[PDB]
Structures are given as C-alpha cells and as structure tokens.
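*Asks:* Following this: a sequence and the matching experimental structure.
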Amino acid sequence: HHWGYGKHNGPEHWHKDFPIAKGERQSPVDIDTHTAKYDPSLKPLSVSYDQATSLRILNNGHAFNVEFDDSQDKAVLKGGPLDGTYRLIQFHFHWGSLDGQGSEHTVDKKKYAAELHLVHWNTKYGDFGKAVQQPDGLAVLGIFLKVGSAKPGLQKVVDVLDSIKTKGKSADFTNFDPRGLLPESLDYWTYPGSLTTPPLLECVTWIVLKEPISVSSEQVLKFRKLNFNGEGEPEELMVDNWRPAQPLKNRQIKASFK
Ligand SMILES: O=C(O)c1ccccc1O
Ligand SMILES: O=C(O)c1ccccc1O
Ligand SMILES: O=C(O)c1ccccc1O
Ligand SMILES: O=C(O)c1ccccc1O
Ligand SMILES: [Zn+2]
C-alpha cells in the first residue's frame, strides 16, 4: 500500500485500494454550526489523564504518533456520547503548509492550521485491533489549533521532532502530560465517522472540541520541517497531511452546548 498526500497517491486515489473511502460514515466532515443540534441528554466529557504513561514518539511516514501504555486504565475517556471506558493509545496531528489550512474537520467551512487527534479504544473489545472492527470501537477527541500565542504544553513535543525527522525513526518520550494540550472548555460536537487515513474504517465516535488551542508560528514551523520520506530518500516535507471534508450523508452532528 503506497498511499499518501501527493498528487498521485493522495485522498482522491484512496478509494481504489480502500473502497470504504466512498462509504456512508467517512470522516472528516464540515461542522455546520447552524445545523448541529443541541442534545441536552449529552453528558459532560470525563477526561481522566492523571496516570497517563507516554512511552515513545514515532514518525510513521504520514504523521508522528505519541504512544501510551494502554495495557491498563491509566488514561481514559468516558461520558459524553460514550458508553463504557475508552483507553488512550496515541495522539497525532494533521497540519498544513500554510496557516490557513491543515485541519481535517472544518467549522462553517473554516480551516484551522492543524488538528490534534487523541485516539482511544473501547476496553470491551480488549485491544485496538479488535476495536477498529466495531462501529463503536474508537473515540477520537479532536482539537483545533490556531496560530497565535505559544502552547507551553506542546513544547516538549516540538523539541523532540529533530530526532524523528524521517519515516521509521522513533525516540523515547516518557513523562509527557497530554492534559497540557487541552483547551479550557470541554464543550464539543459529536458524530459517528471513520479513521481519516487508510484503512478508513468506520469505527469512530468523533468528539470535536469547540474551543481551539493556540500555538505559535514557531511551533507549527517545526512540524513543517518533518519529512514523509525515510532517511536517504528524496526529501518531501511532511505538510498538508490532512484529508478534506467528506459528505455527511445520513448523519446528524450533535452539540453538547447551546
Ligand atoms: O507520500 C506522500 O505523502 C507525498 C506527499 C507529497 C508529495 C509527494 C508524496 O509522495
Ligand atoms: O529543530 C527542529 O525544530 C526540527 C523539527 C523537525 C525536524 C528537524 C528539526 O531540526
Ligand atoms: O486516525 C487514523 O486515521 C488512524 C489510522 C490508523 C491507525 C490509527 C489511527 O488513529
Ligand atoms: O542513503 C542515501 O541514499 C542518501 C541519499 C542522500 C543523502 C543521504 C543519504 O544517506
Ligand atoms: Zn488523525
């Protein structure tokens, strides 16, 4: 599988190897804020990250993942639209070549400079690989990034990127606190969707926070120095690693707030 974000292997091509790309609950989507419905029965999100154990950071040739110990209930998401306990396995970002693009979800067609995805799996399915085969297997917390003031809690991530410049490189990344990436408010939109990269499985309850976080231009510039290619291969900057909005089809986006 040689999928990517280039002209010859990008999102418009993914359906040839992954036919679910044209399915009924693909992500991301545009969030029409005037069409989303407030649902008063939606509960507040419960983000319990105090015992989180980060292990490693990896450049996988499409983004970088910060990975966590998901062998115990150390960092979990529950409540909101979710039934059960969802364990944090990794987070990653999508970002642009310019500050006016980079997010996967859009809000009233507005694009943010980047988007953070905190990926969690439903513990009733035992492991991530089983969870991705279920319609309620994953819960992804999505957070928009806008360029402005620096985010202090992001800087530890930025400072390690030089050690994982190319595809396949990893580095130890212990004692990172993902709570430093969250905005003040946990108000959210939610809808059923999919992974946004191949295999594009329709297994995600998306929880997209309304409040973006601010990062500095210097922080996002360091993301843009990463490479899609392996060491010794022709340099292709890791930028614009986002899938565009897909048709909503027979879905409704719900809001936790009025
Ligand atoms: O593999 C990619 O994601 C890619 C992206 C941009 C340009 C060329 C590429 O191969
Ligand atoms: O110093 C950086 O911020 C950096 C980031 C990504 C890749 C190579 C780098 O030197
Ligand atoms: O978010 C995704 O698209 C994804 C895809 C494959 C594996 C883990 C993931 O989070
Ligand atoms: O291994 C290579 O082919 C190579 C090519 C360009 C620069 C550094 C390298 O190691
Ligand atoms: Zn993602």
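*Replies:* Yes, it's here. Numbers count the residues shown, from 1 in each chain. Ligands and ions are numbered 1, 2, ... in the order given.

*Asks:* what sits against residue 127?
*Replies:* The neighbours of residue 127, taking CB atoms under 8 Å, 6 or more residues apart in numbering as the test, are residue 121. Just so you know, the C-beta spots here come from the backbone N, C-alpha and C atoms, and that holds for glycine as well.

*Asks:* Please report how far it lies from residue 75.
*Replies:* With distances defined as CB to CB, to the nearest Å, the gap from residue 127 to residue 75 amounts to 16 Å.

*Asks:* do residue 246 as well
*Replies:* From residue 246 over to residue 75 the distance is 29 Å, taken as CB to CB.

*Asks:* repeat for residue 256
*Replies:* Using CB to CB, residue 256 is found at 21 Å from residue 75.

*Asks:* do residue 89 as well
*Replies:* Separation of residue 89 from residue 75 (CB to CB) stands at 9 Å.

*Asks:* Which residues are in contact with each of these two?
*Replies:* Here residue 89 and residue 75 share the contacting residues residue 68, scored by CB under 8 Å, 6+ apart.

*Asks:* the more surrounded of the two?
*Replies:* Between residue 89 and residue 75, counting by other CB atoms under 10 Å, residue 75 is the more crowded of the two (25 against 19).

*Asks:* got the contact list for that one?
*Replies:* If you count contacts by CB under 8 Å, 6+ apart, residue 75 has them with 48-49, 51-53, 68, 87-88, 178.

*Asks:* wait, does stretch 68-77 contact ligand 3?
*Replies:* No: looking at stretch 68-77 against ligand 3 by CB under 6 Å from any ligand atom, there are no contacts, and the closest approach is 12.3 Å.

*Asks:* Sort out which residues of that stretch are buried, please.
*Replies:* Residues 68-70, 74-77 are the ones in stretch 68-77 that count as buried (16 or more other CB atoms under 10 Å).

*Asks:* can you give me the end-to-end distance of that stretch?
*Replies:* Looking at stretch 68-77, the gap from its leading to its trailing residue is 14 Å under the measure CA to CA, to the nearest Å.

*Asks:* Would you mind naming what in the stretch 151-258 of the chain lies close to ligand 3?
*Replies:* Checking the stretch 151-258 of the chain against ligand 3 by CB under 6 Å from any ligand atom, the hits are 195-197.

*Asks:* By neighbour count, which of these wins?
*Replies:* Most neighbours among these, by other CB under 10 Å: residue 196, with 24 neighbours.

*Asks:* where does that residue fall, helix, sheet strand or coil?
*Replies:* On the three-state scheme (DSSP: H, G, I helix; E, B strand; the rest coil), residue 196 is labelled coil.

*Asks:* and what of residue 34?
*Replies:* The three-state assignment at residue 34 reads coil, by three-state DSSP.

*Asks:* This structure against ligand 1: which residues are in contact?
*Replies:* Residues of the chain lying close to ligand 1 (CB under 6 Å from any ligand atom) are 4-6, 9, 228, 236.

*Asks:* Of those, which is the most crowded?
*Replies:* Counting neighbours by other CB under 10 Å, the top entry in the residues of the chain next to ligand 1 is residue 228, with 21 neighbours.

*Asks:* Tell me who's in contact with that residue.
*Replies:* When contacts are counted by CB under 8 Å, 6+ apart, residue 228 touches 4-5, 61-62, 167, 236-238, 241.

*Asks:* got the contact list for residue 160?
*Replies:* Residue 160 sits next to 57, 171, 173 when contact means CB under 8 Å, 6+ apart.

*Asks:* could you measure residue 103 against residue 32, distance?
*Replies:* Distance from residue 103 to residue 32, counting by CB to CB: 15 Å.

*Asks:* And those two? Which one has more around it.
*Replies:* Taking residue 103 and residue 32 together and counting by other CB under 10 Å, residue 103 has the greater number of neighbours (27 against 13).

*Asks:* Make sure that one is actually in contact with residue 115.
*Replies:* Yes: under the criterion of CB atoms under 8 Å, residue 103 makes contact with residue 115 at 4.0 Å.
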